[PDB]
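Below sits a lone chain in structure tokens, taken as the form deposited in one PDB entry.
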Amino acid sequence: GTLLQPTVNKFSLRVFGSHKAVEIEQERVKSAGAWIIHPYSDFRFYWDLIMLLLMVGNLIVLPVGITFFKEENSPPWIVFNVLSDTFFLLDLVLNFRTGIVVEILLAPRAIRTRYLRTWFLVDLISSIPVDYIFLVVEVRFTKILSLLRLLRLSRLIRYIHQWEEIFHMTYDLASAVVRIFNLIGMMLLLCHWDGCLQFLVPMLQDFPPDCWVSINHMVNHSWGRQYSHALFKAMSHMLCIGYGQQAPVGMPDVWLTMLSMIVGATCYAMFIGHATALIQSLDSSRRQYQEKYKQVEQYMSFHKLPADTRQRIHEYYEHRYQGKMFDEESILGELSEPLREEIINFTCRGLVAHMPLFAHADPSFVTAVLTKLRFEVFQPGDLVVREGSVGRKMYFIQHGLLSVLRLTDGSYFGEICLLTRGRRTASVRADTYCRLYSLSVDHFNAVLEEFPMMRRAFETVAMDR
């Protein structure tokens, strides 16, 4: 009873909402008629799996059995076509009930009319055994009518695109890979049908003496050898190679060769387009860094900077972004509030634990300080703090080595200047590339204004010193 209703999985929770959001859709399926199928249920998924396997089997086997074999009266050929057309006739009946994702679940007002207006005629032609009707009522004209079963490609293309739009939502998949697999699966099928058609056309003309089958003397070999030579001819026309020694003499050979060349040329052009779209999406973060550095060196060339400054800015961007493009401010802006706190507790927590003033504080005070740190990268030779300055910023050390006028990683300098609000006494020069965390004086005074209990403690520090 509940197999026709949408179950609660990851896809239904992502496409509807909570569990209560899925219960409303289940009640909506209940508010429809007697037995109405929902297109996200498990019954429709199992049925579409069975039908997709049958469509692949029929669209591979049916041209080969028609074109390369003797008669349509052999006993495995009749049982295979009658039992398959029964299942494709049940797929016509069950499409009156499923409803169309635009969802539509009301019956029979919108489903039946929206199905009759769009896809009923093609499914009706590809469902019924048309050739057996003309055979019972009334021989080589029935082999043309048996190719109406190849209109089951239209409901194959519909049923593949219904699953992929689901499975882009359930999983994380690249769209280029899915689309190029769809293109490869179409190209193989068109080459197979063209290989069957190359031998189908001279067979209806009782093998004229100018066709390739009578020239190469392969009228009475096995069907495998005939299929191999016909597929070689169709693939050499498809990939635009050049076949044979003489130009085609008969009139249906010329036009069908030209049709094969046009279809192969446009399929190969679409394959090149998909391969280019796949290759351009591989190295995006490497490419955007290159474009950004092109703009940087263009800014250098506009103001006519010297060569040493150009080299120095290049070394700075190499040690800053590392050939890798990102923008930390927008990434920290997009995240939520518990996710920003978790990243800072990995990077900035351990350096503040070295400082004796912040170690004894409450954790409600420390986390407000940790959000206002800023990441800075320096060079060997750069003077970090200069003498005679106001000293507004306090620095923590993550990596690198620097000297006061040696301080290794995990240290700190300029701490007492933010408390005394006076002139800096010493000067600091970086010995190598340093990674620092900076705290300004106003960003600390705001947090002192947020907590008056910690404000009393730093007043007792200032009275002692």
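Throughout, we count residues from 1 along the sequence that is shown. C-alpha atoms forming the largest set that superposes within 1.5 Å between two forms make up the rigid core.
Missing here is the form deposited in another entry; even so, the following discussion is about that form.
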Moved residue between the shown form and the other one - picked from 275, 359, 262, 90, where its Cα shifts 2 angstroms or more relative to the rigid core: 359
Per-residue C-alpha change between the shown form and the other one, residue 392, threshold 2 Å, rigid core fit: yes
Threshold 2 Å Cα movement between the shown form and the other one for residue 42, core superposed: no
CA of residue 417, rigid core aligned, shift of 2 Å or more between the shown form and the other one: yes
